[PDB]
There are 4 protein chains.
Amino acid sequence: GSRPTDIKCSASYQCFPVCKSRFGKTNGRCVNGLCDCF
Amino acid sequence: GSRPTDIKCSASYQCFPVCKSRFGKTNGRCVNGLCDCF
Amino acid sequence: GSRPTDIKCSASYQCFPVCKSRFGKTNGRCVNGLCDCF
Amino acid sequence: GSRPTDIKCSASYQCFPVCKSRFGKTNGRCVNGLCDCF
């Protein structure tokens, strides 16, 4: 399942560390300026 | 609890690798230019 | 061996979280604007 | 011990993912334009 975050982004690569750290998730995408995790 | 670092940052997404490496912490923030780890 | 991604990058340091999360790979490189993992 | 990389950097936050991923190191520092790990 997916998760939102409060971490600002312009590109997907920036989302991989928060998504791993916070949720142990392996996939991240930048959506309307914030990281989501999948 | 929280731990500071000496590591300069322009955005919070940059602080997650720092915080995991340095402290095993899963959360962090770029706080007025330096990573804090929570 | 190599597993290319469609994750945008400008610098190889940006690719290591990508490559670790997506493939368990401990190396990579930004190659023509995209992360490549080995 | 220390490890060198051929990964370009302008700031030491950028070295933490490579140093963790390649070497399991907990510290990184940008030196003469390249990440070093310890």
Side-chain angles (χ1 to χ4, degrees), chain C, chain D:
Chain C
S2 291
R3 305 216 98 172
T5 74
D6 61 357
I7 303 300
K8 295 180 185 166
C9 58
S10 61
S12 291
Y13 68 74
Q14 299 167 340
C15 293
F16 288 81
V18 179
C19 294
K20 186 144 224 210
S21 282
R22 294 216 41 215
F23 306 116
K25 285 168 183 305
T26 59
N27 218 326
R29 168 96 28 203
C30 189
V31 170
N32 305 129
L34 293 180
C35 285
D36 193 11
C37 304
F38 16 93
Chain D
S2 297
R3 302 289 183 197
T5 70
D6 60 8
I7 298 302
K8 291 177 193 205
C9 54
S10 58
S12 288
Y13 81 80
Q14 299 161 341
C15 300
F16 284 77
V18 59
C19 294
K20 183 59 183 311
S21 196
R22 292 274 306 285
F23 306 120
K25 304 285 193 196
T26 67
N27 243 322
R29 180 136 297 277
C30 193
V31 176
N32 281 37
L34 298 165
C35 291
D36 279 356
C37 306
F38 46 89

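Proteins come first, then strands; the chains are lettered A, B, ... in the order of their sequence lines, and each starts at number 1. Below, all heavy atoms of this structure are taken into account, side chains as well, without hydrogens, waters or symmetry copies.
No more than 12 heavy atoms of other residues, nucleotides or ligands lie within 6.0 Å of CZ in D:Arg29, so this atom counts as exposed by the packing criterion.
Considering all non-hydrogen atoms of both residues, D:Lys8 and C:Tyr13 come closest at O-CD2, 3.3 Å. Taking both residues in full, the closest heavy atoms of C:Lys25 and D:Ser21 are given as O-OG, 3.9 Å, listed atom of the first, atom of the second, then distance. Shown here for C:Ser12 and D:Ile7, the closest heavy-atom pair between the two residues is CB-CD1, 3.7 Å.
The CZ atom of C:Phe16 sits 14.0 Å away from the NZ atom of D:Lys20 when rounded to the nearest 0.5 Å.
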